[PDB]
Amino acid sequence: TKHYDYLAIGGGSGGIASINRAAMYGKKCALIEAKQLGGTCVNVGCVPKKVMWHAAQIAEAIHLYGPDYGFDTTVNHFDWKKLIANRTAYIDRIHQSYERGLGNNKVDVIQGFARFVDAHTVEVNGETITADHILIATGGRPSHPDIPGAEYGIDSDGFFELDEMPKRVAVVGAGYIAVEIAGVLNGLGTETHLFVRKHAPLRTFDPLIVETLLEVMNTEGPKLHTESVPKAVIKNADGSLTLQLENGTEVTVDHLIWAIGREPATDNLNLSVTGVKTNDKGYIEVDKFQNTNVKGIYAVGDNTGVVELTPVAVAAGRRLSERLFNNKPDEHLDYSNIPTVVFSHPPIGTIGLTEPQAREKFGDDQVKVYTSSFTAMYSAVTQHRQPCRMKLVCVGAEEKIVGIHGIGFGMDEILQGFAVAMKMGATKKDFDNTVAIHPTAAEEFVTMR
């Protein structure tokens, strides 16, 4: 039986980040990963998603905007297999980079599925391993609906396994994953349908953002089907699929992608023997320091039921190692005002409170909202003008900024610096005092009246 100071179960965003930081402080570490290093983000998440998003931007440059910039083009072939091969080669380079990093930090990397034996012992590939400190960073996986024909659909992992350009696709879901996948497929030329259960996708985002996204989808696709609850999926004689909704509507497609949610990977590792508490949905419960209720067992990332983003898992994992192994007993991640980007068409950036949230929390008389609406300059010379809308939500007489929201070309890159300003307590006057950069979309955030 092998013993380690620190063992991380799961070699994804949180596990790799935490184990490497612990190793830097001289701890004897092990990392157990059942599949590929980098977890969901590198293999079937943020990375391949972004590559596909870039492919869609190119397709749109060629088909939508290019003609009005003078480019008369012919796409002789769109080689999906080549795109996937290059995407895969990049991911392989990322794996190799992580392997080198872990090897250089002298972390023992074990390929296998870990199962607990007791609170401080796991078994993997028939070997028993003990550790004084165990991080459970097992992430999650896609969920699937329990309706007739659900098995004819694929999930986001399946989307990344597609080896040809789909002709007609139904995407079901109302979160960022559904929106992103539907936008990518629509941009590439697939006849794309997005099905949401209520009035819009991202329904709790600021109304400015939600309504602008609806406007764009209603002009450029994907075709949005609202108040659409899946009832069944029928496989037709020709191999096509018909999605039947509870309202009586039906749409026929070649592929159906379920993007209705995710669930935590906390059910197959014999967690019951550890005494670790989970909530009704299977998420591991943690305190502000990532401690479970069991001494020496911690959890970070998607398996904990909170802000399911890579940088959150990474930062929580690193700060945990700082706390445990670098004599910083109070070190922890601040989960307030974390910025989010959705790689929709066009992209969305958001931080903090929406206008309705701020009004509910502070009262109408304490809230002041500033907004801007303009046409993206990239699209302005074309027949496909696209809006860009931005909002600052302010509280108090000093107009402290408590929310920043934008939708439009460039929002993906615009938000980060504004997140720093908001973390520092920026007020509207701080924005007023900064000179604009022209011509950009970002300058609109510092020019509102």
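The numbering used is simple: start at 1 and walk along the sequence shown.
Here 248-256 and 349-357 are compared by their mean Cα B-factor, and 248-256 comes out higher.
Per the PDB record, of the two stretches 229-237 and 212-220, 229-237 carries the greater mean B-factor over its C-alpha atoms.
When the C-alpha B factors of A182, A315, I110, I284 are read from the deposited coordinates, the top value falls at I110. Annotation for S373, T130, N291, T310: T130 ranks highest, by Cα B-factor. Sorting the modelled residues of the chain by their CA temperature factor places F362 in the middle third. Among the modelled residues of its chain, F78 has a C-alpha B-factor that falls in the highest third according to the deposited record. Residue-level temperature factors show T382 in the middle third of its chain, judged at the C-alpha atom. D412 sits in the lowest third of its chain by CA B factor, as recorded in the PDB entry. For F445, the recorded CA B-factor ranks within the lowest third of the chain. Only modelled residues enter the ranking.
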